[PDB]
């Protein structure tokens, strides 16, 4: 089984214990670690943070302790305008230029592959995405002729039905990608008057309008579109989404007035790292959606939808029963990486729980 873990560049700037550098990553924890967000300048892949070359080096040294560890660099991300990806891919000259610049860059900094994070191709981009994936892979095959181990190619793909039908030709890109990470944790998100969980595993006999917004549906749909199971990777979040209640109501459908207040360390409205949630729980009321199989918590006028060891182990048993290639975890830096916030002096509790299940069978 594969355990793909993302590390984000900007996590280095969080204060105090929130600060996270690649050197805090357990070499034997994941099978693949993806460094988050390289940019594109002059139509060529390029660094993002002023100290990326130093962190690339710090990350790739983990391979000295664990020889089998693979690393990849992800291009794009949320702060990268989709429009920008759209312009690169649309013109063969710009696309070829970007493609030809990747292997050398990757080889220089010691990466084993490229992860594409075009966060949301539109109806007009579908055809160019296919082209980009095909040509990129073809270039990686040619490059391997030089006697060095072929570069890996992966992509982070939306798990939203409408999004999938709009910009992805799954049957086509699946045959060129080594693996596909399903972003099965964005099924709700401060943008509609109510409270709801963003990463439910199951539909939940309760509501019906959105029978599509759960991991189970996303997975079945991909398999139906032609994506081989042995190439699918289910995303498991290590963070939570917070809301500010509009009333004293906490149950399903409770009104919302906006995202929850920022965490002491992540300082981003609507989000909380697992380690900030562990602190949040003291004095909070905990609950669990039976049907969706995920928990949530409330305190004062704050409502949090998150994942704990049990929900995460559950999602992992599930991907196993469906024979998928493995799991993807978004943000090692959002997990209790120091292991000093969540009681048990265990480092990376959420990620470890996933790893344990994957190792049982």
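Residue numbers count along the first chain shown, from 1.
- Set 325-333 against 65-73 and average the Cα temperature factors; 65-73 ends up higher.
- The stretch 197-205 shows the higher mean C-alpha B-factor when 197-205 is compared against 224-232 in the entry.
- Per the deposited record, 268 carries the highest C-alpha B-factor of all listed residues (178, 139, 276, 268).
- Among 240, 110, 189, 121, the highest C-alpha B-factor recorded in the PDB entry belongs to 189.
- Among all modelled residues in its chain, residue 354 ranks in the lowest third by Cα B-factor.
- Residue 289: CA B factor lies in the highest third for its chain, per the PDB record.
- Sorting the modelled residues of the chain by their CA temperature factor places residue 80 in the highest third.
- Per the deposited record, the Cα B-factor of residue 48 falls in the middle third when ranked against the other modelled residues of its chain.
- In this PDB entry, the Cα temperature factor of residue 105 sits in the bottom third of its chain's modelled residues, the lowest group.
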